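Chemist: First portion of the complex, with coordinates as positioned in the assembly:
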Amino acid sequence: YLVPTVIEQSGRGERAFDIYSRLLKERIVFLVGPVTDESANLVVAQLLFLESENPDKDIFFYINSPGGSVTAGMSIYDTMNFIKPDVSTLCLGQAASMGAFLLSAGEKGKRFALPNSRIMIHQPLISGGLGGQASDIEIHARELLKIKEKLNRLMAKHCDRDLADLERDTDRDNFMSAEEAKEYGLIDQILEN
Amino acid sequence: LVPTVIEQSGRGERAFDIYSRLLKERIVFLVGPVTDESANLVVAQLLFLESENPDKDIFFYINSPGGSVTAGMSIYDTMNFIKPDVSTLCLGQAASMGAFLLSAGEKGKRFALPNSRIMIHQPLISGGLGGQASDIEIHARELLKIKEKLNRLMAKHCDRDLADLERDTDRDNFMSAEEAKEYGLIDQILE
Amino acid sequence: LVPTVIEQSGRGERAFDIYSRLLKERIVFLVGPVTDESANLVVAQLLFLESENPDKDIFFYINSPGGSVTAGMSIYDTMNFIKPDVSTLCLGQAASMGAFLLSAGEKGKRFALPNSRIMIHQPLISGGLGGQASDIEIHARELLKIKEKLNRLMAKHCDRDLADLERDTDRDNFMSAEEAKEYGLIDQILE
Amino acid sequence: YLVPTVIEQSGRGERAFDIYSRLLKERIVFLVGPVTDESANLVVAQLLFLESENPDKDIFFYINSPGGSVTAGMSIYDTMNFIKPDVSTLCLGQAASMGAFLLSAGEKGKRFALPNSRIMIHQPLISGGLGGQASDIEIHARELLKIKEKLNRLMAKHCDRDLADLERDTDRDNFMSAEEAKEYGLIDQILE
Amino acid sequence: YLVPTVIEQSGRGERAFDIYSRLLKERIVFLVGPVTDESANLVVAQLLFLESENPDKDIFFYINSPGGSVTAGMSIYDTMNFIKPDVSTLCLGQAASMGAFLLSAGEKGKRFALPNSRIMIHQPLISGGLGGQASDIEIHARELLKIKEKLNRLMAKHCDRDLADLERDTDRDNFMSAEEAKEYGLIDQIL
Amino acid sequence: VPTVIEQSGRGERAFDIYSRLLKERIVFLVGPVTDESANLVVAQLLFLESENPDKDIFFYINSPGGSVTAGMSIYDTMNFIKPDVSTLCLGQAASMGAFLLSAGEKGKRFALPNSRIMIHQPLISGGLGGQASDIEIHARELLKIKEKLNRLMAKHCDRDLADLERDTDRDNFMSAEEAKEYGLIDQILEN
Amino acid sequence: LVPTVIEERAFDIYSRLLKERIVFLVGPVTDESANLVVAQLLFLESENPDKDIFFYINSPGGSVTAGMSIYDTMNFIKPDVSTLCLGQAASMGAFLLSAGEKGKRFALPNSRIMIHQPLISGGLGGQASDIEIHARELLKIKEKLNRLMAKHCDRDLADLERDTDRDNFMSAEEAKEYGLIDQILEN
Amino acid sequence: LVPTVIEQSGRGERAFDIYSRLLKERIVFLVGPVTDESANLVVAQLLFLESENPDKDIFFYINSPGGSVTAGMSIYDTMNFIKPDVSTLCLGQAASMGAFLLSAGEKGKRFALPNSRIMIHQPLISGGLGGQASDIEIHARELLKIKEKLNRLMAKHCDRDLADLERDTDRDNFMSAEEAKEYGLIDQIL
Amino acid sequence: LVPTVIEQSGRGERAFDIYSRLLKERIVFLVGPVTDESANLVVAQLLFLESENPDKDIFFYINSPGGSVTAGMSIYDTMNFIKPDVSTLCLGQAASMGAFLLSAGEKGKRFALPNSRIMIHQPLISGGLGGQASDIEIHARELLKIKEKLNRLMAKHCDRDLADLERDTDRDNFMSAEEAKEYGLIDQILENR
Amino acid sequence: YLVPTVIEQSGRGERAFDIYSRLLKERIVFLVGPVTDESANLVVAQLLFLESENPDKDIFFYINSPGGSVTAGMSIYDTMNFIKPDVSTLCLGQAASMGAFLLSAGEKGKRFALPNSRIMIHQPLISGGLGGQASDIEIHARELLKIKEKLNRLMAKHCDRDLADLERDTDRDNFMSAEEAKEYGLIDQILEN
Amino acid sequence: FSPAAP
Amino acid sequence: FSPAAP
C-alpha cells in the first residue's frame, strides 16, 4: 500500500521522507497490529537508534496492537527498560494483551491513552496444540504457567497493585476504558486536546 | 500504478505520486475498509499536517464502507486532539465507521457531494463468539458498552439524543446526502 | 457390522442384532455424541420399554462426551416422566451432558465402573455468535439462562449447594469414579 | 445408525418392527431435526395413513426440530388442519421456528411440552443467498414480506393473541421456556 | 506488467515519465477496467489535480470499462459535475453500466465514442447476497430501488429523454453501437 | 461376507462368519479402539456371560490402540463379568491394545509367535488449546491417566511401578518372547 | 455386486467357494482383510481339521503385522494350507505364498512374484530418540522376514538379504527355481 | 439398481438378479476396467461354472477398456486351465487387456458384434517411476519383460509372426470387428 | 516497511534502511527461523565486518526459534573462523539452533536480556522418513550423529559433560536467563548500565 | 527478504552496494539453496564476469546447497572448467548431491570445507516420475543410467579414486563429515581459522 | 407421554 | 452389570 512521501526542509537540505521515517525523526515509534518477532525487532531497532541520536531525550512509543508473541514482546520490554532515554507510551485505538503489557511498561508518569482507546488484559492463551506425549505436555504446561506467573508479577509492579489483584483480574478477558485503566494503575494520564 | 505529477513549488520542481501531491494541500484520504494500517496512516498524516501548520484546516475525504472500530477510534481521537479544524467530506459513501468519522468533522465543515450515500447501524461482529459461557458474557457486555458509547458519541455529533441514535441504528439505515444533513450528520451539501 | 445372536427361550428361537438383544433385557445405550438423532432413539427405547413393563427398572448405559443441550434434555425429561426407575451406568466416560444424564438417574441407582471418567463444566458454544449486537445479547442471555438451569438441576441431582456447582463447573472438572460418588453425582461403584 | 428391532404381540402371531414403526402403530409420529421436503412429506404420509386406519382417534405428533423449510412446514401444517383426527402436538428438546409453528398448530387443548423443552419463534430468514436485477430482488423481498405477514397472522391465531404482539415478539429471536410458551398461549400444558 | 518510460523534451531540460503520467500532463484521464473505490478515487484525484493546474481548460476522460461499484462511480460523477473544467468524455472499447453512466455524464456537446465502441445500460444488479431477516432484506430491497429510480432519473436527464424511456430501456441489458448511443442521446459525436 | 452354515441340533442356519465365531465365545477387537468398536466388544462380553457365566471367553486382539476411555470400558467389563476372559494377540497389540491384552485372566494371556506388542505413555494429538488455566487442568488430567496406567500395567505384569514408568517413557516394542518375559502374557502358542 | 449361485440353498459366489475350502486374499493386506482370512482359516478347520485348505493369493502386499496374523494362523492350524498365486504375489503377499505347506505351494503360469525389504510409506517424524526406536524396529522386521523367507525357500540367510535389497521380480518358473513355490499349474 | 427376474426350474420359482440369471446359462461378464476385484470375481465364476459342468462351453462377454495386467493374467490363466472351452464375445469394446482376453478365447469361439471396437498397444504405466536410478532400471526392465511377453502371447493367439505384433502395438491400434478377424484376433462376426 | 534514517558522512548525506544503519555499528541480527538464506545473509555480514576491521568485536543479536541445522552450522563455523570476537546477545528467545548459536559466542561475551527465554532440545524432524528400510537406517544413523555432535559442541560451550547435555536435551528444556547463565550457555544478564 | 546495504571505498568515490554485490567484488560467488536453471545461470554469469575483470586471479565459489537440477549443475561445472581462473570451492553448511559434485570439481588443491560442513553423495534420483509407453520409459531409463555412469566416472576422477569405489559409495545416500570427505578425496583442506 | 399424548 | 443394573 502507498505510504505518502513528505518533505522536510532542513537548511543544508530539502529532504523527502516516507511519512513514518519522518515521524521517527521526532522520536516517535509505532507498534501497530500483531506483535511478531520481525515487527517487534523493528521497534527494538528504532529504540536503539534513537538512543544513539540522543541518550537524554524522551522516546514516544505509540501503540495500537491486539498483542502477539510473548517472547517478541519481551524483547521490546527489555529494550525499553535498558536504554537511557525514558520511553513514553501512548495508546491509540487499542492496547491488548502484550499490547497492554507494553503500554503499562512505559516510564511511570508518562504512560498515556487517547480518550476512546480500549485496553484489555488476560492470562496467557495458546492457539494451536499441546502435543504429543504426556511428558511433553507437562513440560509445556509448566512453562505456560511460569509465563502466567511472571506476567502477573510484572504487571502488578507496573500497575503498583497486589499480585492477587492481577491474578483475579486477568483470569478472563478484562476490558478497560481509558479511565478504568488509569484508575487501575496501567496508565498515568488520559489526553485532552 | 499511481500517476506521478510535478509539484508547484516556491523552491523548485518536485515529482510526487498524486496522493502525496494532494497531501501538500492538506487533503487526507480514507478510502476503502478501515484497518489498523489504513487508519494509522491517516493518524500519521493528521499529525504531520498539524506539524506543518497547527492553525490551517485539514480536509479529510472519506469513501469508506467502515471497518475496525478501534482503528476508527484512533482516527477520531486524533481528529479531536490536534489543533487544526478537521473538515470532513464524503464522496461515494461513508458507512458505519466511515459515517462515524464523517459526522466527527468540525461542526460547520462537514460536507457531502450530492450523490453520496451515508449509512449507520449498530455494531456487527463477524467470526463469532466461542466458547465458554463466562467468556461470551464478558464479550457480549463489552459489545453493548461499545454500542452505547458509539450511539452516545454520534448523538453529540448530530445534536440529537442518545435515544434517537439507538432507534435509528437498530437496523441498517441508509441516507441520501440531504437526509444526512437533515439528521445532523453533515452540515452542507456541495454544488 | 453388528454381530447376530440367537435368543433361545419359550418362543423357539429368533435372530437379533446384539443391541436389540440387549434392549430385550431393558438395556439402553447412549454411546458417543448426543445429537437429535441419537437422543430421540434413546427416547423411543425408554418409551417402548415402559410400554413393555411400566414397573421394571430400565438400565441406561452411558459412554458419551456430551453434545446438544436440547437433545440431552429430551432424554432427561423422558427419564423423569416415565414410570420405570431409570438406573444409570457409566462405562468409559460421561462428560458434560453425558454426566448430566448420568447424574439424573434414579437416586440410589446411579452407577459407574471403577475406571470410568466423569467431567462437568459450564455451557460452551462452538461456531460462534455473529451478527448484530442486539442478536448477540439475545443469545448470550439465553446461554446464561442455560448455565443457571444446569447448575441448579445438577445441584439438586448431587444434593449439594448451588454455589458448589457454580464454583466446580467454572472450568473443566474431571472426576474419578470415587470422586463422582463422593461428589454425590453417582451412588455406587461396581467392582 | 442402527435402529433397534422390537417385537410386538397380537392376535394370531408375533411381529418384528423397527422401533419407530412400532411407535407409529400407537399413532405417534416424529418430526426430528431439520424440516425438509423429504422429512415433511414423510410426516404428511404418516398422518394420512393414521387417519385411514382410524379417522376418529387422536394422532400424536412429537416435535424435536430447529425448523427448516417454510413451504415444507406448510405441507405438514395444512395436512394437520385437513384430516379428521385431532393432531396433538408435543415438544421434546426444542421447537424452533417452523418447529414452533407446527407445535402451536396442534389441536387446541392438546399442545404439550416437556418441562425442559425450549421454544423459539422469530421472523423469516433467508440464508445468505440472493443475486439478480433490482426487479428480481424486489419480487423476492416482497414475497418474503408476505410470508412474514402470514406467519404473524397465523401464529397470533394459534396463540389467541393480538397480531401486534406477534409482530413485536418475533422481530428478533425469542426464546421461551415451557412455562413461558404456555403463558404466551403457544402450548396448552406442561407434562411432569 | 511493464509500463514504458517516455521522455519529454520541454524547452531546455529533460524529464522521464511513465506513459500514463505523460498523458495526464495533456489532461487525459483513464478509467480502465472495473470501477472500484481505489480506481474511482484515483480518477477523482486526477480531475481535482487537473483543475488546480488550469481551472478553465477542458479535461479528457477516456473510458474503457465494464462498470463496477455504484457508490464508487458516483464519487467520480460528482467530481465531474463539481469542478469548473468541462469534463469531455470518450468511449474506447466499451462503456457498460456505470461506465456508460459516466460516459453519458460528460459535458454536453463533448461526449464522444470511437466508431466500433460498445455501450451498454441496465438496471442495478447485486452479486453475493442479502441474507438475513426479512426486516433487513426489505431495507436493502428499498435501498436498491432508490438507486434504480435515481439512476434512471439522472440517465434521463443526461440523454435528454423521458424517464419512462429510460425505465423501459434499462429493464434488461441494452447494448448499443456508437451510432445507437448517439441517436439515443447518450453521446454527442462519433470520432 | 462371507456367509457360513452352522447346522445346529436346532436347525440349519446361515451366519456371517464373525457371528459364527461369536457362538464359540470368540470376541474380536480389530483396528483402532473407538467408542463404537469398544462398546460392541462390551456388548459381546455381556452377551456371552448371559449365555453361560462359567465358560471362558476368548478375546482376540489385533489393534494399534486408540481411545483410553473407550478401552477402559472394555477393561472394567473384563474385570466385572464372571467368565474368565482369555486374551490372545494376533498381528499386534499396541497401546490400549497391549493394555487390554495384559488384562486377560492371568494364565490365559496368549500371543502368536510373530505377534507384536508395544507399550508407551499416554499421548494426545490435535492439541490442547486456549487459556493457561484450562491447559493446566488438562495437563493435570493427562498426568493422572499416566499414573493410573503405569500402576495397573505393573499390577498386570507383576512388576515394580518404577519398571513400567521406565519402560513406557517412549515407544517400547516387544516380540512375543519379550512380552512373555516382561509379564505381559503367559504363553506363546506355536501349534 | 456379487452373483448368487444355487447349491435348496442360495450363496454369494465367494461363500460358495469357501464351502469347498477355498479362501481368497485379494488386494492390499489390511487388519480387516487379514482378519477375515484368519477367521475363515479357523472356521474351515472346525469343519474338518484334516482336509487341506486352499489359500488363493492375488495381492500386492500390505501391513506386515496384519500379514503375520495370517502367517501364524496358517502355521498353527492342523489342516495343510496350500497356497496358490494367481495374478501376483508381491511383498507380504509373496511371503504368505512361500509360507504354504511345502510341496503344496503353487502358481498359475503367468503369475508374478515380487520380494523386497520392508519399506515405510509416509514418514518417521519427531524426536531423534523416537526415530531411532522405530528405525530399530523396522530393521528387526527386515531381519526376521529375511530369516523366515530363507527358511521358506530353503536357502542361506545371505541369499535373501542380497535378493530383497531392491525390488525383485520373478516369473513363476523363477519363483519355483528359487525355492519359493513348488509347482506351476498348467491345466 | 438391478432388475429381479423369475426363473422356473422344476419345483422352482427362483428370483434372481438378472446377472445371476445369465450366469446359470454359463454367461460371465467382464465390464469396465480390469481390477483385482473385477478380475477375481470373473475367476470365481469360471471355476464355479466348471464345477457345475466340466464339459459345457462357457461364454465370456467382454466390454472393457482394459486395466491391470496382473489382474488380467489371473483371468487368462484360469481360462487356459479349466477344462471347459471359454468362448469370448466382444460387445462394445475390447481394448488393451480386454483385447488380450478376447484373443485368448478358445480358437474358433472368439466372437465380436459387428460394431465392436478393438484396440491393442504396448504396456503403459500411469503414475510415475521414482526415485533412484537402480529402482527405475529394475521397473523399466520389468515393463519390457511384460511388453515382450504380451507381444509373444498375442502373436500365438493371432497365429502371426512376432514382428507383426511388435510393429502393430507400438502405438494405439484401433480395429473394426472385420479388421480384428482379418488380423486373427477373433474368429467370427455375428 | 523499514524506516529510513539519515547518516551524515563526508560528501554524502545518505539514506540508510535502519538495519543497514545498525550494521555500520557492527551489529548483526538473527531474527526468526534459521534458513539457508537467512543464515547465509548472516555469514556475509560477518565476513564483511571482519573486512571492515578484523580486531573489533562483532555483536550478534539473536531472536530466533531455531531452524535448519546445516544453515546454523554455516553461521557457527563462520563465527569461529573469523578473527573478530563474536559477542552474542539474546533478545526475546533463543531456541534450538538459536540457543546453540547463542552459546557459541566468544566466551565472556555471551549475553541475554533479563526476560529472554532459552530452550534446548534434541533434533526433531518434520516431514518424515520414507521409504526403504536401508534408507531409513542411513538417515536415522545420520540423525543420531547430528544429535551427538550438537550435544558434544554444546557441552564444550557450557563447560559440561556430554552426558549432561544428553540428559538435558532429551525433551524441551526451557531456561530463564538466570538458569541459562547457571547452565553455562551465557555469561551475563544485562539490565541497564 | 531484506538485503543490507554497505559502503565501499574506491578512488575518492563512494559506492553503495547490496552486500552480495560487495562480496562479488572480492571475487566471491555464492551457490545457496537448490540448484535450478535460474540459480545456476546466475552463477555462470558471475563466473564469466569475474574472468573478464581479471583472467588470472582465483575465484572463490561458496557452496551451501542440497543440490538440484543435474543439467543446471553441469552448466556451472562446464564454466568452472572452461574459464582461465582457478575456481576455488568452499563448503559452508552443506554440499549434497549436485552440491557435492560442484564442490568436488573445484581446482585441485583449492577445495575447502568448514569444520562442521555436511557432504552427501548418491546416485541420480527422479521425482515426478516416468509415465507413458514402455518405449518412452526405456528411453528415459537409459538416459538416467547414462547420467549415473557419467557422474560416477567424473566423481572418481575428482576424488582420484577407482570407479568401483564411487559406484559402491553412491548406491545409497552417503553422508560425510569434512574429515571423511577430505579422506575420500572430495576436498583438499578443512579450514579452521 | 400419557396422559395424554397418548 | 448385575447386581444391580441388572
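Modeler: Perfect, thanks for sending it. Numbers count the residues shown, from 1 in each chain, chains lettered A, B, ... in the order given.
Chemist: And the helices in chain A, which stretches?
Modeler: Along chain A, counting by DSSP state H, helices occupy A:19-24, A:37-53, A:70-82, A:98-104, A:134-159, A:163-169, A:178-184.
Chemist: Pick the most buried one from the ones you listed.
Modeler: Of all the helices of chain A, helix A:98-104 carries the top mean neighbour count, a mean of 27, counting by mean count of other Cβ atoms under 10 Å in any protein chain shown. Every C-beta, even on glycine, is put in place using the N, C-alpha and C of the backbone.
Chemist: So for residue D:31, which of the helices of chain A sits nearest?
Modeler: helix A:134-159 (45.1 Å; Cβ to Cβ).
Chemist: roughly how far out does that closest one sit from the chain middle?
Modeler: Here helix A:134-159 is found 19 Å from its chain centre; the criterion is Cα atoms, centre = their mean, to the nearest Å.
Chemist: could you check the angle helix F:132-157 makes with it?
Modeler: Orientation check (axes from the mean of the first three to the mean of the last three Cα atoms, to 10 degrees): helix A:134-159 against helix F:132-157 gives 150 degrees.
Chemist: how close does the residue most central in space within chain A sit to chain J?
Modeler: Geometric centre of chain A, nearest residue: residue A:102, 2.7 Å, by Cα atoms, centre = their mean. Residue A:102 sits 24 Å away from chain J, going by Cβ to the nearest Cβ, to the nearest Å.
Chemist: Tell me the strands beside the top strand by length along chain A, with direction?
Modeler: Across chain A, the longest stretch assigned as strand under DSSP state E is strand A:87-96. Take DSSP bridges as the rule and strand A:87-96 pairs in its sheet with strand A:59-65 (parallel), strand A:111-113 (parallel), strand A:118-121 (parallel).
Chemist: can I get the helices of chain A in CSV with distance to chain G?
Modeler: Shown next, in CSV, are those (distance: least, Cβ to the nearest Cβ, whole Å):
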stretch, distance to chain G
helix A:19-24, 43
helix A:37-53, 24
helix A:70-82, 22
helix A:98-104, 30
helix A:134-159, 9
helix A:163-169, 35
helix A:178-184, 44
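Chemist: also put chain M on there:
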Amino acid sequence: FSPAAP
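Modeler: One more piece, chain M, placed on the ones above:
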C-alpha cells in the same frame, strides 16, 4: 448371442 455363444 446364439448361435453360437450360446
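Chemist: just to revisit the earlier point, list of residues touching the longest strand of chain A?
Modeler: By Cβ atoms under 8 Å, 6 or more residues apart in numbering or on different chains, the residues outside strand A:87-96 that reach it are A:47, A:58-67, A:80, A:102-107, A:110-114, A:117-121, A:178, A:187, A:191, B:36, B:39, B:43, B:70-71, B:73-74, B:77-78.
Chemist: Equivalent analysis for stretch A:158-167, please.
Modeler: A:101, A:104-105, A:108, A:152-153, A:155-156, A:184-186.
Chemist: what do you get if the cut-off is 6 Å, keeping everything else the same?
Modeler: Here stretch A:158-167 makes contact (Cβ atoms under 6 Å, 6 or more residues apart in numbering or on different chains) with A:104-105, A:152, A:155-156, A:185-186.
Chemist: Let's have those residues in JSON lines, adding distance to residue K:4.
Modeler: Output for those, formatted as JSON lines (distance: Cβ to Cβ, whole Å):
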{"residue": "A:104", "distance to residue K:4": "65"}
{"residue": "A:105", "distance to residue K:4": "70"}
{"residue": "A:152", "distance to residue K:4": "60"}
{"residue": "A:155", "distance to residue K:4": "63"}
{"residue": "A:156", "distance to residue K:4": "64"}
{"residue": "A:185", "distance to residue K:4": "65"}
{"residue": "A:186", "distance to residue K:4": "63"}
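Chemist: Tell me the one among the residues you listed nearest to residue L:5.
Modeler: Residue L:5 lies nearest to residue A:152 out of those, by Cβ to Cβ, at 48.2 Å.
Chemist: any idea how far the closest residue to that closest one other than its chain neighbours is from residue H:40?
Modeler: Using Cβ to Cβ, 6 or more residues apart in numbering or on different chains and skipping residues adjacent in sequence, the residue nearest residue A:152 is residue A:166, 4.4 Å away. Distance, residue A:166 to residue H:40, using Cβ to Cβ, to the nearest Å: 71 Å.
Chemist: Chain N should go on the structure too:
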Amino acid sequence: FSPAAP
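Modeler: Adding chain N to what we have so far:
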C-alpha cells in the same frame, strides 16, 4: 472541492 474543503 472548494469552497470550502478546501
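Chemist: mind redoing the contacts of stretch A:158-167 now chain N's in there?
Modeler: Here stretch A:158-167 has contacts from A:104-105, A:152, A:155-156, A:185-186, using Cβ under 6 Å, 6+ apart.
Chemist: mind redoing it with 10 Å?
Modeler: Stretch A:158-167 has contacts (Cβ atoms under 10 Å, 6 or more residues apart in numbering or on different chains) with A:100-106, A:108, A:111, A:121, A:123, A:148-149, A:151-157, A:168-169, A:174, A:181, A:184-187.
Chemist: Likewise for stretch A:142-150?
Modeler: A:70-71, A:74, A:123-126, A:130, A:163, A:167, A:170, F:128, F:131-133, F:135-136, F:139, I:115, I:117, I:119, I:172, I:174, I:176.
Chemist: Just the buried positions in stretch A:184-192, please.
Modeler: Using 16 or more other Cβ atoms under 10 Å in any protein chain shown as the test for burial, stretch A:184-192 gives A:184-188, A:190-191.
Chemist: follow-up on the earlier one: what separates the residue nearest to the centre of chain A from residue A:79, distance-wise?
Modeler: 10 Å.
Chemist: what residues do those two have in common as contacts?
Modeler: Common contacts of residue A:102 and residue A:79 (Cβ under 10 Å, 6+ apart): A:40, A:43, A:87.
Chemist: Leaving out sequence neighbours, find the closest residue to the last one.
Modeler: Distance criterion Cβ to Cβ, 6+ apart; nearest residue to residue A:87, sequence neighbours excluded, is residue A:80 at 4.5 Å.
Chemist: again with residue A:185
Modeler: Once flanking residues are discounted, residue A:185 sits nearest to residue A:159: 3.5 Å by Cβ to Cβ, 6+ apart.
Chemist: ok, so what distance separates that neighbour from chain N?
Modeler: For residue A:159, the distance to chain N (Cβ to the nearest Cβ) stands at 44 Å.
Chemist: before we move on, what about residue A:141?
Modeler: Here the criterion is Cβ to the nearest Cβ. By it, residue A:141 lies 59 Å from chain N.
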